[PDB]
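Novice: protein.cif (mmCIF, C-alpha atoms) pasted underneath:
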```cif
data_target
loop_
_atom_site.group_PDB
_atom_site.id
_atom_site.type_symbol
_atom_site.label_atom_id
_atom_site.label_comp_id
_atom_site.auth_asym_id
_atom_site.auth_seq_id
_atom_site.Cartn_x
_atom_site.Cartn_y
_atom_site.Cartn_z
ATOM 1 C CA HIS F 1 -30.631 18.002 22.371
ATOM 2 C CA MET F 2 -27.140 18.231 23.897
ATOM 3 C CA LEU F 3 -25.620 16.650 26.975
ATOM 4 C CA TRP F 4 -22.271 16.644 28.732
ATOM 5 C CA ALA F 5 -21.003 13.382 30.168
ATOM 6 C CA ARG F 6 -18.031 12.111 32.056
ATOM 7 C CA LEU F 7 -15.289 10.800 29.724
ATOM 8 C CA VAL F 8 -17.036 11.493 26.451
ATOM 9 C CA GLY F 9 -17.662 15.173 27.191
ATOM 10 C CA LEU F 10 -20.085 17.279 25.187
ATOM 11 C CA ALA F 11 -22.408 15.276 22.984
ATOM 12 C CA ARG F 12 -24.764 16.638 20.252
ATOM 13 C CA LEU F 13 -27.852 14.467 20.077
ATOM 14 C CA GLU F 14 -30.226 13.573 17.245
ATOM 15 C CA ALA F 15 -33.200 11.369 18.169
ATOM 16 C CA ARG F 16 -36.126 9.874 16.220
ATOM 17 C CA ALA F 17 -38.742 7.151 16.626
ATOM 18 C CA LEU F 18 -37.952 3.792 15.082
ATOM 19 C CA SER F 19 -40.147 3.011 12.077
ATOM 20 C CA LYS F 20 -42.661 0.121 12.206
ATOM 21 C CA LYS F 21 -40.257 -1.814 9.961
ATOM 22 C CA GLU F 22 -37.197 -1.060 12.194
ATOM 23 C CA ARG F 23 -39.101 -2.107 15.283
ATOM 24 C CA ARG F 24 -39.997 -5.435 13.666
ATOM 25 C CA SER F 25 -36.445 -5.971 12.459
ATOM 26 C CA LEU F 26 -35.188 -5.147 15.980
ATOM 27 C CA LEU F 27 -37.354 -7.881 17.530
ATOM 28 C CA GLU F 28 -36.236 -10.345 14.898
ATOM 29 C CA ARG F 29 -32.573 -9.512 15.596
ATOM 30 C CA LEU F 30 -33.017 -9.973 19.382
ATOM 31 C CA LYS F 31 -34.996 -13.241 19.408
ATOM 32 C CA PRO F 32 -32.130 -15.593 18.515
ATOM 33 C CA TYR F 33 -29.939 -14.330 21.360
ATOM 34 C CA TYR F 34 -32.046 -13.838 24.475
ATOM 35 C CA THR F 35 -34.647 -15.763 26.408
ATOM 36 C CA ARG F 36 -37.324 -13.201 25.619
ATOM 37 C CA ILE F 37 -37.823 -9.586 24.516
ATOM 38 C CA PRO F 38 -37.697 -7.641 27.800
ATOM 39 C CA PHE F 39 -39.962 -4.781 26.749
ATOM 40 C CA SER F 40 -43.597 -4.479 25.859
ATOM 41 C CA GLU F 41 -45.200 -3.918 22.446
ATOM 42 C CA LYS F 42 -46.414 -0.666 23.920
ATOM 43 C CA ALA F 43 -42.943 0.568 24.899
ATOM 44 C CA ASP F 44 -41.790 3.690 22.987
ATOM 45 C CA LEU F 45 -38.614 2.851 21.016
ATOM 46 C CA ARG F 46 -36.288 5.583 19.753
ATOM 47 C CA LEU F 47 -32.840 5.775 18.131
ATOM 48 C CA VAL F 48 -30.538 8.329 19.698
ATOM 49 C CA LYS F 49 -27.303 9.316 17.855
ATOM 50 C CA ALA F 50 -24.786 11.231 20.008
ATOM 51 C CA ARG F 51 -21.837 12.842 18.366
ATOM 52 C CA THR F 52 -18.886 13.504 20.652
ATOM 53 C CA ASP F 53 -15.354 14.693 20.117
ATOM 54 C CA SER F 54 -14.092 11.183 19.367
ATOM 55 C CA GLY F 55 -16.950 9.896 17.292
ATOM 56 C CA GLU F 56 -20.559 8.697 17.205
ATOM 57 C CA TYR F 57 -22.658 6.460 19.455
ATOM 58 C CA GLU F 58 -26.147 5.153 18.609
ATOM 59 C CA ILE F 59 -28.347 3.899 21.409
ATOM 60 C CA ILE F 60 -31.934 2.548 21.166
ATOM 61 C CA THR F 61 -34.002 3.914 24.064
ATOM 62 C CA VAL F 62 -36.969 2.110 25.534
ATOM 63 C CA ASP F 63 -39.426 4.512 27.154
ATOM 64 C CA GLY F 64 -36.479 6.887 27.434
ATOM 65 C CA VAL F 65 -34.054 4.396 29.054
ATOM 66 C CA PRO F 66 -30.833 3.909 26.999
ATOM 67 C CA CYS F 67 -31.056 0.114 26.592
ATOM 68 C CA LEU F 68 -29.597 -1.363 23.399
ATOM 69 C CA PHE F 69 -26.723 -0.913 21.043
ATOM 70 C CA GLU F 70 -25.294 -2.601 17.971
ATOM 71 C CA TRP F 71 -21.730 -3.963 18.383
ATOM 72 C CA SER F 72 -19.111 -4.562 15.727
ATOM 73 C CA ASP F 73 -20.203 -8.198 15.354
ATOM 74 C CA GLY F 74 -23.555 -6.961 14.072
ATOM 75 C CA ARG F 75 -25.527 -8.151 17.100
ATOM 76 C CA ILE F 76 -27.575 -5.982 19.452
ATOM 77 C CA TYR F 77 -26.470 -5.970 23.156
ATOM 78 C CA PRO F 78 -28.028 -4.465 26.290
ATOM 79 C CA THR F 79 -26.426 -1.596 28.223
ATOM 80 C CA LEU F 80 -26.087 -2.087 31.952
ATOM 81 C CA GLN F 81 -28.852 0.562 32.296
ATOM 82 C CA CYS F 82 -31.041 -1.852 30.356
ATOM 83 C CA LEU F 83 -30.336 -4.575 32.928
ATOM 84 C CA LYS F 84 -31.207 -2.193 35.776
ATOM 85 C CA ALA F 85 -34.522 -1.466 34.148
ATOM 86 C CA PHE F 86 -35.501 -4.978 33.041
ATOM 87 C CA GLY F 87 -33.363 -7.350 35.155
ATOM 88 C CA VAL F 88 -31.365 -10.257 33.799
ATOM 89 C CA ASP F 89 -33.840 -13.102 33.545
ATOM 90 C CA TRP F 90 -34.405 -12.354 29.862
ATOM 91 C CA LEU F 91 -30.719 -13.077 29.125
ATOM 92 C CA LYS F 92 -29.798 -16.682 28.323
ATOM 93 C CA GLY F 93 -27.572 -16.648 31.370
ATOM 94 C CA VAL F 94 -25.427 -14.814 33.809
ATOM 95 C CA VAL F 95 -22.094 -15.487 35.488
ATOM 96 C CA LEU F 96 -21.669 -14.542 39.162
ATOM 97 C CA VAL F 97 -18.201 -13.213 40.092
ATOM 98 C CA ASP F 98 -16.147 -12.512 43.184
ATOM 99 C CA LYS F 99 -15.348 -8.991 44.456
ATOM 100 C CA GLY F 100 -11.907 -8.945 42.886
ATOM 101 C CA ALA F 101 -13.334 -9.850 39.456
ATOM 102 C CA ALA F 102 -16.193 -7.359 39.837
ATOM 103 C CA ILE F 103 -13.607 -4.612 40.450
ATOM 104 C CA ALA F 104 -11.397 -5.784 37.532
ATOM 105 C CA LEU F 105 -14.444 -5.857 35.233
ATOM 106 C CA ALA F 106 -15.327 -2.324 36.278
ATOM 107 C CA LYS F 107 -11.792 -1.296 35.198
ATOM 108 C CA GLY F 108 -12.425 -2.930 31.803
ATOM 109 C CA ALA F 109 -10.923 -6.411 32.204
ATOM 110 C CA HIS F 110 -12.213 -9.570 30.583
ATOM 111 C CA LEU F 111 -13.653 -12.115 33.061
ATOM 112 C CA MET F 112 -11.273 -14.992 33.797
ATOM 113 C CA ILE F 113 -12.503 -18.314 35.080
ATOM 114 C CA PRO F 114 -10.941 -18.126 38.559
ATOM 115 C CA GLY F 115 -13.041 -14.988 39.267
ATOM 116 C CA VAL F 116 -16.247 -16.911 38.663
ATOM 117 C CA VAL F 117 -18.296 -18.175 41.607
ATOM 118 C CA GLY F 118 -21.534 -19.236 40.018
ATOM 119 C CA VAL F 119 -23.365 -19.818 36.760
ATOM 120 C CA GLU F 120 -27.096 -19.237 36.137
ATOM 121 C CA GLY F 121 -29.086 -20.102 33.067
ATOM 122 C CA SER F 122 -28.055 -22.095 30.079
ATOM 123 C CA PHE F 123 -25.972 -20.814 27.203
ATOM 124 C CA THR F 124 -23.313 -21.880 24.751
ATOM 125 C CA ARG F 125 -19.966 -20.427 23.618
ATOM 126 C CA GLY F 126 -20.782 -17.197 21.715
ATOM 127 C CA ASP F 127 -24.012 -16.306 23.569
ATOM 128 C CA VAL F 128 -24.568 -12.907 25.180
ATOM 129 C CA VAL F 129 -24.327 -13.057 28.959
ATOM 130 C CA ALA F 130 -23.842 -10.605 31.854
ATOM 131 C CA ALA F 131 -21.401 -10.773 34.722
ATOM 132 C CA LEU F 132 -22.875 -9.853 38.152
ATOM 133 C CA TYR F 133 -21.051 -9.266 41.443
ATOM 134 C CA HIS F 134 -22.417 -12.192 43.470
ATOM 135 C CA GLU F 135 -22.971 -10.399 46.773
ATOM 136 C CA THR F 136 -25.306 -7.648 45.532
ATOM 137 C CA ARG F 137 -26.122 -9.138 42.104
ATOM 138 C CA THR F 138 -25.035 -5.822 40.584
ATOM 139 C CA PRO F 139 -24.384 -6.270 36.814
ATOM 140 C CA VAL F 140 -20.848 -5.034 36.023
ATOM 141 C CA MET F 141 -20.250 -6.223 32.482
ATOM 142 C CA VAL F 142 -22.032 -7.503 29.384
ATOM 143 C CA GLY F 143 -20.190 -9.746 26.979
ATOM 144 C CA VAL F 144 -19.773 -12.959 25.098
ATOM 145 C CA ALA F 145 -19.454 -16.423 26.615
ATOM 146 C CA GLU F 146 -16.105 -18.016 25.760
ATOM 147 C CA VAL F 147 -17.318 -21.459 26.952
ATOM 148 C CA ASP F 148 -20.663 -23.240 27.295
ATOM 149 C CA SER F 149 -22.476 -22.880 30.611
ATOM 150 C CA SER F 150 -22.129 -26.576 31.388
ATOM 151 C CA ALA F 151 -18.359 -26.371 30.831
ATOM 152 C CA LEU F 152 -18.065 -23.213 32.944
ATOM 153 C CA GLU F 153 -19.910 -24.881 35.834
ATOM 154 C CA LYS F 154 -17.075 -27.447 35.900
ATOM 155 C CA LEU F 155 -14.235 -25.045 35.153
ATOM 156 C CA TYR F 156 -14.920 -22.487 37.853
ATOM 157 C CA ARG F 157 -15.217 -25.291 40.436
ATOM 158 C CA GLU F 158 -11.676 -26.453 39.482
ATOM 159 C CA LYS F 159 -10.552 -22.766 39.322
ATOM 160 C CA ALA F 160 -9.144 -23.478 35.860
ATOM 161 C CA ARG F 161 -7.253 -20.639 34.212
ATOM 162 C CA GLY F 162 -8.522 -18.881 31.114
ATOM 163 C CA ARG F 163 -11.103 -16.483 29.815
ATOM 164 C CA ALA F 164 -14.721 -17.123 30.745
ATOM 165 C CA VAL F 165 -16.471 -14.089 29.154
ATOM 166 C CA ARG F 166 -15.142 -11.633 26.638
ATOM 167 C CA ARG F 167 -16.036 -8.060 27.637
ATOM 168 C CA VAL F 168 -18.163 -5.962 25.307
ATOM 169 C CA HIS F 169 -19.592 -3.262 27.633
ATOM 170 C CA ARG F 170 -18.843 -2.601 31.308
ATOM 171 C CA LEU F 171 -19.476 -0.258 34.182
ATOM 172 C CA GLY F 172 -17.638 3.033 33.635
ATOM 173 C CA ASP F 173 -16.760 2.568 29.978
ATOM 174 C CA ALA F 174 -17.404 5.448 27.519
ATOM 175 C CA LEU F 175 -20.801 4.029 26.411
ATOM 176 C CA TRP F 176 -21.840 3.510 30.066
ATOM 177 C CA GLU F 177 -21.021 7.161 30.900
ATOM 178 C CA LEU F 178 -22.890 8.443 27.893
ATOM 179 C CA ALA F 179 -25.885 6.187 28.665
ATOM 180 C CA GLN F 180 -25.865 7.441 32.317
ATOM 181 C CA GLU F 181 -26.286 10.957 31.174
ATOM 182 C CA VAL F 182 -28.905 10.078 28.535
ATOM 183 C CA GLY F 183 -30.880 8.481 31.357
ATOM 184 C CA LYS F 184 -30.592 11.684 33.470
#
```
Hey, can you dump this file as structure tokens for me?

Specialist:
Amino acid sequence: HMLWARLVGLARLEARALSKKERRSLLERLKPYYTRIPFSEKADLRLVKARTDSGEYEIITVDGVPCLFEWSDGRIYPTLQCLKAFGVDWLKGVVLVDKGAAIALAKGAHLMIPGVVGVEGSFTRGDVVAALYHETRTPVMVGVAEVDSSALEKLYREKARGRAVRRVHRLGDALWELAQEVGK
């Protein structure tokens, strides 16, 4: 197909079902990093490649929802659309942030410790976590923990300075815009 999205513009799409072998490899690549696989064995998984003016994006869809992507560190991460569809309980943890940090994250900033107001779950430095605006629990960013959850629980209470979560994907980024349109 073809689609036209904000920021990325016109995208030419090529989609196919994942093979039985790719589906198995996908589950094996997700297990080490999340509490559980969020989707069913009956869910239809497809690989969608979108070529835009700047380059190529590949997104794995789950029953048509653009949910997963491979980052430069070789791990598979969820899109925010994935979190809307399946929630966040399957993630090892989440970090709750204040309004100012939710707005900064939606502009593309990393999450600094003073913007944190709560920690949920249990995770260690390097784990995949999501940052949610505390008031509405809206996910605004997906990234990598810079500190263990137990350390963060202490650090945000002291309002220590420093980075809490390194941003990988966030609301309004090019992938998010493309995924929004794929979901339409």

Novice: What's the separation between CA of residue 91 (chain F) and CA of residue 36 (chain F), in Å to one decimal place?

Specialist: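 Computing the Euclidean distance for CA of residue 91 (chain F) and CA of residue 36 (chain F) yields 7.5 Å.
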
Novice: Env of residue 15 (chain F): 12 Å cut, atoms = only C-alpha atoms, seq-sep filter 4 positions within chain, self excluded. Answer as a PyMOL selection string.

Specialist: chain F and resi 1-2+45-51+57-61+64+66+182

Novice: Name the closest residue to residue 132 (chain F) among the candidates F:8, F:67, F:151, F:171; distances are taken between atoms, counting only C-alpha atoms.

Specialist: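 Closest candidate: F:171.
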
Novice: Just so the selection is clear, what residues does the PyMOL selection byres ((chain F and resi 94-106) around 6) cover here, as a list in words?

Specialist: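 Applying the expression gives residues 93, 107, 108, 109, 115, 116, 117, 118, 119, 120, 129, 130, 131, 132, 133, 134 and 171 of chain F.
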
Novice: Can those selected residues be exported to a file as a PDB file, in the coordinates of the input so that it contains C-alpha atoms?

Specialist:
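So the final result, stored in result-v9.pdb, reads:
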```pdb
ATOM      1  CA  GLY F  93     -27.572 -16.648  31.370  1.00  0.00           C
ATOM      2  CA  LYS F 107     -11.792  -1.296  35.198  1.00  0.00           C
ATOM      3  CA  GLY F 108     -12.425  -2.930  31.803  1.00  0.00           C
ATOM      4  CA  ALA F 109     -10.923  -6.411  32.204  1.00  0.00           C
ATOM      5  CA  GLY F 115     -13.041 -14.988  39.267  1.00  0.00           C
ATOM      6  CA  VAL F 116     -16.247 -16.911  38.663  1.00  0.00           C
ATOM      7  CA  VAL F 117     -18.296 -18.175  41.607  1.00  0.00           C
ATOM      8  CA  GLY F 118     -21.534 -19.236  40.018  1.00  0.00           C
ATOM      9  CA  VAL F 119     -23.365 -19.818  36.760  1.00  0.00           C
ATOM     10  CA  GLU F 120     -27.096 -19.237  36.137  1.00  0.00           C
ATOM     11  CA  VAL F 129     -24.327 -13.057  28.959  1.00  0.00           C
ATOM     12  CA  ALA F 130     -23.842 -10.605  31.854  1.00  0.00           C
ATOM     13  CA  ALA F 131     -21.401 -10.773  34.722  1.00  0.00           C
ATOM     14  CA  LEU F 132     -22.875  -9.853  38.152  1.00  0.00           C
ATOM     15  CA  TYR F 133     -21.051  -9.266  41.443  1.00  0.00           C
ATOM     16  CA  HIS F 134     -22.417 -12.192  43.470  1.00  0.00           C
ATOM     17  CA  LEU F 171     -19.476  -0.258  34.182  1.00  0.00           C
TER      18      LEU F 171
END
```

Novice: What is the distance between CA of residue 160 (chain F) and CA of residue 113 (chain F), in Å to one decimal?

Specialist: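 A separation of 6.2 Å between them.
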
Novice: CA of residue 170 (chain F) and CA of residue 40 (chain F), how far apart in Å?

Specialist: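 Rounded to one decimal, the two atoms are 25.4 Å apart.
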
Novice: Between F:136, F:41, F:73, F:141, which has the minimum distance to residue 173 (chain F) (counting only C-alpha atoms)?

Specialist: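 Comparing F:136, F:41, F:73, F:141 against residue 173 (chain F), the winner is F:141.
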
Novice: My structure is short of atoms at region 27-62 of chain F; please model N, CA and C atoms there, returning them as a short mmCIF file (atom, residue, chain, number, x, y, z; two decimals), keeping the file's coordinate frame.

Specialist:
```cif
data_model
loop_
_atom_site.label_atom_id
_atom_site.label_comp_id
_atom_site.auth_asym_id
_atom_site.auth_seq_id
_atom_site.Cartn_x
_atom_site.Cartn_y
_atom_site.Cartn_z
N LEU F 27 -36.92 -6.70 16.80
CA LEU F 27 -37.35 -7.88 17.53
C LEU F 27 -36.81 -9.14 16.89
N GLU F 28 -36.73 -9.15 15.56
CA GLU F 28 -36.24 -10.34 14.90
C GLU F 28 -34.74 -10.50 15.17
N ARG F 29 -34.03 -9.39 15.32
CA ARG F 29 -32.57 -9.51 15.60
C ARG F 29 -32.27 -9.91 17.06
N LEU F 30 -33.20 -9.63 17.96
CA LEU F 30 -33.02 -9.97 19.38
C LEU F 30 -33.42 -11.42 19.72
N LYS F 31 -34.47 -11.91 19.06
CA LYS F 31 -35.00 -13.24 19.41
C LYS F 31 -34.02 -14.40 19.47
N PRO F 32 -33.08 -14.48 18.52
CA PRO F 32 -32.13 -15.59 18.52
C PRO F 32 -31.18 -15.62 19.68
N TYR F 33 -30.96 -14.46 20.31
CA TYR F 33 -29.94 -14.33 21.36
C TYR F 33 -30.29 -14.18 22.82
N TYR F 34 -31.56 -14.06 23.12
CA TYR F 34 -32.05 -13.84 24.48
C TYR F 34 -33.23 -14.73 24.77
N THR F 35 -33.53 -14.91 26.04
CA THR F 35 -34.65 -15.76 26.41
C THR F 35 -35.94 -15.18 25.89
N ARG F 36 -36.10 -13.87 26.05
CA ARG F 36 -37.32 -13.20 25.62
C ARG F 36 -37.03 -11.72 25.39
N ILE F 37 -37.94 -11.03 24.72
CA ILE F 37 -37.82 -9.59 24.52
C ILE F 37 -38.26 -9.04 25.87
N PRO F 38 -37.42 -8.23 26.49
CA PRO F 38 -37.70 -7.64 27.80
C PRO F 38 -38.75 -6.54 27.88
N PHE F 39 -39.00 -5.87 26.75
CA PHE F 39 -39.96 -4.78 26.75
C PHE F 39 -41.23 -5.14 26.02
N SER F 40 -42.25 -4.37 26.37
CA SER F 40 -43.60 -4.48 25.86
C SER F 40 -43.81 -3.98 24.43
N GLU F 41 -44.90 -4.39 23.79
CA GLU F 41 -45.20 -3.92 22.45
C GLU F 41 -45.65 -2.46 22.54
N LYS F 42 -45.96 -2.03 23.74
CA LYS F 42 -46.41 -0.67 23.92
C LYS F 42 -45.28 0.28 24.27
N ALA F 43 -44.10 -0.27 24.53
CA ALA F 43 -42.94 0.57 24.90
C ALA F 43 -42.55 1.48 23.71
N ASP F 44 -42.20 2.73 23.99
CA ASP F 44 -41.79 3.69 22.99
C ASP F 44 -40.29 3.47 22.68
N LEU F 45 -40.00 3.08 21.44
CA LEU F 45 -38.61 2.85 21.02
C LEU F 45 -38.08 3.98 20.14
N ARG F 46 -36.90 4.50 20.51
CA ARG F 46 -36.29 5.58 19.75
C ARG F 46 -34.80 5.32 19.56
N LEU F 47 -34.27 5.87 18.47
CA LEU F 47 -32.84 5.78 18.13
C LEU F 47 -32.23 7.14 18.47
N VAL F 48 -31.20 7.09 19.31
CA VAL F 48 -30.54 8.33 19.70
C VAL F 48 -29.10 8.25 19.18
N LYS F 49 -28.69 9.22 18.37
CA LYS F 49 -27.30 9.32 17.86
C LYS F 49 -26.64 10.45 18.64
N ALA F 50 -25.47 10.20 19.22
CA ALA F 50 -24.79 11.23 20.01
C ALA F 50 -23.43 11.41 19.36
N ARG F 51 -23.12 12.62 18.94
CA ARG F 51 -21.84 12.84 18.37
C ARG F 51 -20.95 13.55 19.38
N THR F 52 -19.81 12.95 19.68
CA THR F 52 -18.89 13.50 20.65
C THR F 52 -17.61 13.86 19.95
N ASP F 53 -16.63 14.31 20.71
CA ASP F 53 -15.35 14.69 20.12
C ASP F 53 -14.65 13.55 19.42
N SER F 54 -14.80 12.33 19.94
CA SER F 54 -14.09 11.18 19.37
C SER F 54 -14.85 10.49 18.26
N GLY F 55 -16.18 10.56 18.31
CA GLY F 55 -16.95 9.90 17.29
C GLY F 55 -18.43 9.83 17.61
N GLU F 56 -19.11 8.83 17.06
CA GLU F 56 -20.56 8.70 17.20
C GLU F 56 -21.02 7.44 17.90
N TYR F 57 -22.07 7.58 18.72
CA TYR F 57 -22.66 6.46 19.45
C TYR F 57 -24.13 6.41 19.02
N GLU F 58 -24.71 5.23 18.94
CA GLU F 58 -26.15 5.15 18.61
C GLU F 58 -26.69 4.25 19.66
N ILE F 59 -27.75 4.67 20.34
CA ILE F 59 -28.35 3.90 21.41
C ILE F 59 -29.87 3.81 21.16
N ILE F 60 -30.48 2.64 21.31
CA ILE F 60 -31.93 2.55 21.17
C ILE F 60 -32.50 2.74 22.57
N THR F 61 -33.40 3.71 22.76
CA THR F 61 -34.00 3.91 24.06
C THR F 61 -35.33 3.24 24.11
N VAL F 62 -35.71 2.81 25.32
CA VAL F 62 -36.97 2.11 25.53
C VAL F 62 -37.67 2.91 26.61
#
```
